[PDB]
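J.: Residue numbers (the working numbering): 142 to 178.
All residues carry an ideal CB built from backbone N, CA and C; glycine is no exception.
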């Protein structure tokens with residue numbers, strides 16, 4: 142399996158990153174003083 146989608150997916154890969162950075166922020170605030178850090 143090689144070459145399935147055009148340049149479209151190129152941005153999709155970036156689409157997920159946006160969510161990823163959003164995720165780390167969540168933990169970075171629950172791992173920064175949740176109770177007994």
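Just to confirm the assignment, what range does the alpha helix (DSSP H) spanning residue 170 have?
T.: Position 29 of the chain shown holds residue 170. Neither: residue 170 is in no alpha helix (DSSP H) and is coded neither H nor E.
J.: When DSSP labels each residue in this structure, what does residue 178 get in the three-state scheme?
T.: As a first step, residue 178 must be located in the chain shown, where it is residue number 37. Correct three-state label for residue 178: coil.
J.: So, with DSSP's three-state summary, where would you put residue 143?
T.: As a first step, residue 143 must be located in the chain shown, where it is residue number 2. Coil, per DSSP.
J.: Going straight from the alpha carbon of residue 178 to that of residue 172, what length do you get?
T.: Counting from 1 along the chain shown, the entry for residue 178 is found at position 37. Counting from 1 along the chain shown, the entry for residue 172 is found at position 31. Spanning the two alpha carbons is a distance of roughly 7 Å.
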